[PDB]
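Note sheet for the following structure.
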Amino acid sequence: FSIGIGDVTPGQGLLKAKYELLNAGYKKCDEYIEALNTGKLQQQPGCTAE
Amino acid sequence: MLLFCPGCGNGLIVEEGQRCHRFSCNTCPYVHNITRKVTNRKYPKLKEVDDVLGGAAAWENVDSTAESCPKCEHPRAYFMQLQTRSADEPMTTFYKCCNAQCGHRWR
Ligand SMILES: [Zn+2]
Ligand SMILES: [Zn+2]
Numbered sequence: 696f697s698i699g700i701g702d703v704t705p706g707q708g709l710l711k712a713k714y715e716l717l718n719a720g721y722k723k724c725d726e727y728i729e730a731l732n733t734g735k736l737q738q739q740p741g742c743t744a745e
Numbered sequence: 001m002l003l004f005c006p007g008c009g010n011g012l013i014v015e016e017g018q019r020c021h022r023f024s025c026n027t028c029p030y031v032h033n034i035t036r037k038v039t040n041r042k043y044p045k046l047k048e049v050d051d052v053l054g055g056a057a058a059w060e061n062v063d064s065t066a067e068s069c070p071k072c073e074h075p076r077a078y079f080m081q082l083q084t085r086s087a088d089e090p091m092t093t094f095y096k097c098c099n100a101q102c103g104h105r106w107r
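Listed in order, the protein sequences are those of chains A and I.
Per the authors' numbering, the first sequence starts with residue 696, numbered consecutively.
Per the authors' numbering, the second sequence starts with residue 1, numbered consecutively.
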């Protein structure tokens, strides 16, 4: 019963999903940054704009 | 408001004379008769209005021949103008549309 660097290596099924998920999250965060800095942000109840 | 003596530059106090109220120095003879209306407005900060109008409030600003909202092109929407801070602010305009299978909030 052994462990190794091939037991934590990511295959091809992860290095394509990770890129798309990082791009989707970064673009939605950039959209919320742009919607806070230059106009309307639909403010959640009980907090400030930031 | 603080007002200061042109002579010595100490702080003036308001007192009453035989014909008028006066701004008067405590350390020199200078007095200034209040002849006419003088004022100083603070304009403090009012409450938030964001969570106060939501949820079918008692709005009233709707009028005959009012404009339809721009998305639905129906007059099934309220619109209002309010000061958000003190009343020296120019009033901002805001509107919300509520129709069947359609919820939106606009500016
Ligand atoms: Zn003085
Ligand atoms: Zn609507």
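Ideal Cβ placement from N, Cα and C applies to all residues, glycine included.
If I follow the unbroken beta strand (DSSP E) through I:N33, where does it start and stop? 31–33
Rounded separation between A:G699 and A:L717 - CA only: 27 Å
With a threshold of 7 Å, establish whether the CB of I:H21 neighbours any heavy atom of ligand 2. no
Put I:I13 into one of helix, strand or coil per three-state DSSP. strand
Just to confirm, does I:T27 get its C-beta within under 7 Å of one of the non-hydrogen atoms of ligand 4? Absent from the structure shown: ligand 4. Ligands present: ligand 1 and ligand 2.
Say the cut is 7 Å; is the CB of I:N10 nearer than that to a heavy atom of ligand 1? yes
In angstroms, rounded to a whole number, what distance separates the CA positions of A:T733 and I:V49? 21 Å
Going by DSSP, what residues sit across from I:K71 in a beta bridge? Looking at the DSSP assignment, I:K71 forms no beta bridge with any residue, so it has no partner.
CB of I:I34 within 8 Å of CB of I:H21, strictly: yes
May I ask which residues mark the beginning and end of the alpha helix (DSSP H) holding A:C724? 712–732
Can you say whether residue 136 of chain I is buried or exposed, counting buried as having 16 or more other CB atoms within 10 angstroms of its CB? Limits of chain I in this structure are 1 at one end and 107 at the other, which puts residue 136 of chain I out of reach.
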